[PDB]
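Please read the structure below before turning to the comments.
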There are 2 protein chains.
Amino acid sequence: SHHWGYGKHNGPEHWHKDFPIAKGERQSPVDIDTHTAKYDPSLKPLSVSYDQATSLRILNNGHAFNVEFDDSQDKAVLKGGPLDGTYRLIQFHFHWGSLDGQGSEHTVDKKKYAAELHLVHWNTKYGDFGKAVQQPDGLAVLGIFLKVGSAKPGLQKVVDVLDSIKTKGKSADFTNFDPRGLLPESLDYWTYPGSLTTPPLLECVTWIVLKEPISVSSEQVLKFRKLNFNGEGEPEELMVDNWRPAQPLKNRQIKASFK
Amino acid sequence: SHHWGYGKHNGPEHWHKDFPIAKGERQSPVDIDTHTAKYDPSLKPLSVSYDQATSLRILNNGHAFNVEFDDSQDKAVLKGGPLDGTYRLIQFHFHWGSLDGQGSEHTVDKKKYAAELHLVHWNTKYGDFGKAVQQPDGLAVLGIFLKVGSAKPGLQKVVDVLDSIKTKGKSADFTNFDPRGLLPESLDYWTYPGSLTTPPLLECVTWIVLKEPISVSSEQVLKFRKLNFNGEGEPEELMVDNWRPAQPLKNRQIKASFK
Ligand code: NA
Ligand SMILES: [Zn+2]
Ligand SMILES: [Zn+2]
């Protein structure tokens with residue numbers, strides 16, 4: 001089948017072959033230069049309403065692991081900030097490194113974090129995720145850096161189930177997970193127009209990247225590295241370095257909600 | 001689950017529900033008003049090079065039947081006219097009516113023909129059809145009107161095989177078919193920027209519609225009406241009136257190659 005990954009032959013440098021938008025004008029991630037990002041005090045506070053979030057399952061898709069939510073109603077939504085309308089949470093996933101010193105997709109003054117959490121939301125005025133991804137204003141991804149440090153209690157339920165989804169295609173029931181437990185205390189953010197960071201690389205994302213990282217323990221992130229990109233009974237290829245490097249900003253402006 | 005067709009409930013008037021681009025700026029087909037479509041002397045001579053065309057198979061896809069070609073090399077190409085680049089023939093198909101007085105998608109001064117032949121080509125530079133459909137210059141469709149009259153010898157080979165592809169999903173081998181035999185003597189044409197005339201209605205088509213129809217006998221076109229939209233063992237729904245009506249021109253200009 002058509003496929004892609006993060007290896008020498010199928011990795012980010014080659015994605016352009018099947019997905020020519022890889023060289024587009026609004027690609028993600030980007031490096032955030034804190035001295036040139038533009039303060040915009042017209043940006044509203046972000047409203048994160050996750051009180052009724054309903055997680056369903058966790059799965060290994062061969063590129064990362066997703067925790068999927070019931071997005072049939074407004075149970076977990078993002079509003080405000082730079083957004084117009086209501087964006088419903090569909091899933092979250094991470095990108096991470098082979099070493100603590102790398103793994104994030106966005107960087108801040110070229111600094112890489114150990115991992116990056118993406119909470120993926122779609123604009124309810126398009127009716128479903130499939131329609132939303134084909135629109136410039138279809139998705140809002142909230143990106144949250146993970147810095148190695150203190151353990152994050154809220155991540156532990158995720159870590160504890162990874163052994164049941166080791167290889168590509170494995171899934172497991174994953175109910176009653178509270179995504180509020182992955183948020184930092186400050187909701188100060190950068191924002192810019194961009195894309196999905198994996199194929200098909202669609203330019204449909206309003207990026208909202210939080211200034212404040214969450215901590216996770218060296219042991220928590222190590223558990224991510226023990227997942228496999230490959231399927232069961234295939235040669236073991238550890239799921240590490242599933243990040244796209246920073247792409248050119250081109251004519252875009254990154255805005256900060258804070259000075 | 002998603003379905004479209006040509007019935008009262010799933011037909012062209014409802015396509016916009018799942019495919020909002022149905023109400024876009026460059027939709028097809030259109031009515032060609034011969035009093036306002038003007039000669040454009042910047043148009044280049046149209047080159048149809050089909051001497052090495054290699055047909056492979058014929059199939060009923062539940063919406064029409066397609067004759068598919070080997071598009072791995074430049075064996076059957078369209079160049080010149082309004083096009084920049086070389087466009088490879090991938091398939092042809094028709095749209096037709098329940099009666100001889102209707103069936104074309106394009107109309108000329110509001111006149112409908114009994115059917116319309118679409119020769120579908122994609123721009124080599126995009127590597128394959130799938131990539132090409134996502135670009136405004138991806139496809140070139142040569143459209144040829146079928147007027148009921150004398151039998152067309154060049155169509156007979158197609159007619160003769162239809163009893164082997166009666167239902168959706170059936171296919172048959174269809175080698176050595178010469179698509180030059182479906183062309184009229186004049187390559188005078190009208191051209192405008194438009195779309196696929198079926199879902200997903202992507203706005204990736206340079207239309208080239210020939211002035212001169214080819215003749216089809218009443219019996220030849222009758223055979224098209226004995227095909228079935230449905231699969232084998234499903235209720236019989238005869239494959240007729242699989243045409244989209246003319247859409248608004250909006251801000252486009254239709255150019256003529258001839259004075
Ligand atoms: Na007219
Ligand atoms: Zn991501
Ligand atoms: Zn057609």
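Atoms considered below: every heavy atom in the structure, side chains included; atoms not considered: hydrogens, waters and symmetry mates. In what follows, chains are A, B, ... by sequence order, proteins preceding strands, each numbered from 1.
A pairwise comparison of heavy atoms in B/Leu210 and B/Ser186 identifies CD1-O, 4.3 Å as the closest pair. Counting all heavy atoms, side chain and backbone alike, A/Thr191 lies closest to A/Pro82 at OG1-CG, 3.6 Å. Nearest heavy-atom pair across B/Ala256 and B/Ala37 is CB-O, 4.0 Å. Of all non-hydrogen atoms in B/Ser171 and B/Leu59, the two that sit nearest each other are CB-CB, 3.8 Å. When all heavy atoms of B/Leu99 and B/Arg225 are compared, the closest pair comes out as C-NH2, 3.3 Å. Across A/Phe174 and A/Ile58, no two heavy atoms sit closer than the pair CB-N, 3.6 Å.
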Inset, instruction - I would like to know whether A/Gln135 and A/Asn123 meet side chain to side chain donor-acceptor pair (under 3.5 Å); could you show each step before the answer? - result: CA-CA 9 Å; A/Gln135 303 289 330; A/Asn123 190 330; over 6 Å; no

Inset, instruction - Let me see the working for B/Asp31 and B/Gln247 under side-chain contact (heavy atoms from CB on, under 4.5 Å), right down to the final yes or no. - result: CA-CA 8 Å; B/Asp31 178 52; B/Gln247 302 297 310; over 6 Å; no

Inset, instruction - Could you give me the CA-CA distance, side-chain angles and deciding distance for B/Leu187 and B/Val48, then say whether side-chain contact (heavy atoms from CB on, under 4.5 Å) is met? - result: CA-CA 9 Å; B/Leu187 297 185; B/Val48 177; 3.9 Å; yes

Legend entry - B/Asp178 and B/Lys157: CA distance, side-chain angles, deciding distance, salt bridge (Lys or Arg N to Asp or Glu O under 4.0 Å) verdict: CA-CA 10 Å; B/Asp178 183 358; B/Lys157 182 168 153 62; over 6 Å; no

Inset, instruction - Start with the C-alpha gap between B/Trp190 and B/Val108, add the side-chain angles, then the distance that decides, and say whether side-chain contact (heavy atoms from CB on, under 4.5 Å) holds. - result: CA-CA 10 Å; B/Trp190 300 281; B/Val108 178; 4.0 Å; yes

Inset, instruction - Go through A/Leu196 and A/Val205 one step at a time and tell me if the side-chain contact (heavy atoms from CB on, under 4.5 Å) criterion holds. - result: CA-CA 7 Å; A/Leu196 305 179; A/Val205 182; 4.0 Å; yes

Legend entry - Test side chain to side chain donor-acceptor pair (under 3.5 Å) applied to B/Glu236 and B/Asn228, step by step: CA-CA 6 Å; B/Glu236 191 180 44; B/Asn228 278 194; 3.1 Å; yes

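Between B/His93 and B/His95, the ring planes lie perpendicular to each other; the angle is over 60°, past the 30° to 60° tilted range.
Salt bridge A/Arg57/A/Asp173: absent, no basic N to carboxylate O contact under 4.0 Å. At a threshold of 4.0 Å, the pair B/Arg180-B/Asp51 counts as salt-bridged, since one of the basic side-chain nitrogens sits closer than that to a carboxylate oxygen. Using a cut-off of 4.0 Å between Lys/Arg side-chain N and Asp/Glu carboxylate O, A/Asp137 and A/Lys125 are scored as salt-bridged. In summary, A/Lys131 and B/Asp18 do not engage in a salt bridge, as defined by a charged side-chain N under 4.0 Å from a carboxylate O. Residues B/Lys111 and B/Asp109 are not paired through a salt bridge, judged by the lack of any N-O separation under 4.0 Å between the basic side chain and the carboxylate. B/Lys112 has no carboxylate O lying under 4.0 Å from a charged side-chain N of B/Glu105, or vice versa, which leaves the two without a salt bridge.
At distances below 3.5 Å, at least one donor-acceptor pair connects side-chain atoms of B/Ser104 with backbone N or O atoms of B/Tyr113. A/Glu203 contributes no side-chain N or O that, together with a main-chain N or O of A/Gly194, makes up a donor-acceptor pair within less than 3.5 Å. Side-chain atoms of B/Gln220 come within 3.5 Å of backbone atoms of B/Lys152 as a donor-acceptor pair (strictly under, hydrogens ignored). Side-chain atoms of B/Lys38 come within 3.5 Å of backbone N or O of B/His35 as a donor-acceptor pair. Using a distance-only test at 3.5 Å, with no hydrogens or angles considered, no donor-acceptor pair links the side chain of B/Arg88 to the main chain of B/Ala76. In this structure, B/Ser55 contributes its side chain and B/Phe177 its backbone to a donor-acceptor pair below 3.5 Å. In this structure a side-chain-to-backbone donor-acceptor pair under 3.5 Å is missing from B/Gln52 to B/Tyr50. Remark: the backbone N or O of A/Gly24 is paired with a side-chain donor or acceptor of A/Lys250 at under 3.5 angstrom. Under the 3.5 Å distance criterion, the side-chain polar atoms of A/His3 are matched with a main-chain donor or acceptor of A/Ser1.
Side-chain contact between A/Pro193 and A/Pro136 is absent, with no heavy-atom pair separated by less than 4.5 Å. Taking the side chain as every heavy atom from C-beta outward, A/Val141 and A/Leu119 never approach each other to under 4.5 Å. In this structure the side chain of B/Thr124 reaches within 4.5 angstrom of the side chain of B/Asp74, judged on heavy atoms. Counting only heavy atoms from C-beta outward, the side chains of B/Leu139 and B/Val120 approach each other to under 4.5 Å. Side-chain contact between B/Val159 and B/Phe224: present, with at least one pair of heavy atoms (C-beta onward) separated by less than 4.5 Å. Within the 4.5 Å cutoff, no side-chain heavy atoms of B/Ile32 are placed close to those of B/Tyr192. Side-chain atoms of A/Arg244 and A/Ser28, non-hydrogen and from C-beta on, never get closer than 4.5 Å to each other. With contacts defined as side-chain heavy-atom distances shorter than 4.5 Å, the pair B/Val67/B/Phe94 does not qualify.
Considering NE2 of A/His16 and CD of A/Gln27, their distance stands at 12.5 Å, rounded to 0.5 Å. Going from atom NZ of A/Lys168 over to atom CG of A/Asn60 covers 9.0 Å, rounded to the nearest 0.5 Å. The OG1 atom of A/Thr206 lies 10.0 Å from the CG atom of A/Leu78; values are rounded to the nearest 0.5 Å. Atom CH2 of residue B/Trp96 and atom CG of residue B/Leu146 lie 11.0 Å apart, to the nearest 0.5 angstrom. Note: B/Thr86 OG1 to B/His121 NE2 = 11.0 Å, rounded to the nearest 0.5 Å. Between B/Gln91 atom CD and B/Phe69 atom CZ the span is 9.5 Å, to the nearest 0.5 Å.
Applying the 6.0 Å contact sphere to CD of A/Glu13 captures more than 12 heavy atoms from other residues, nucleotides or ligands. Dense packing is recorded around CG of B/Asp128, with more than 12 heavy atoms of other residues, nucleotides or ligands lying under 6.0 Å away. Within a 6.0 Å radius of NZ in B/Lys255, no more than 12 heavy atoms belonging to other residues, nucleotides or ligands are found.
Between B/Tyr87 and B/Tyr126, the ring centre distance reaches or exceeds 6.0 Å. Aromatic pair B/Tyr6/B/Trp15: centroids less than 6.0 angstrom apart. Aromatic rings of A/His63 and A/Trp4 (six-membered ring for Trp) have centroids within the 6.0 Å cut-off, being under it. In this structure, B/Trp207 has its ring center closer than 6.0 angstrom to the ring center of B/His106.
The closest side-chain donor-acceptor pair between B/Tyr39 and B/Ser257, if any, does not fall under 3.5 angstrom.
Cation-pi contact between B/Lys17 and B/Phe19: absent, since separation from the ring centre below 6.0 Å together with deviation from the ring axis within 45° is not met. Judged by a 6.0 Å distance limit and a 45° cone about the ring axis, B/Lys211 is positioned over the six-membered ring of B/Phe258.
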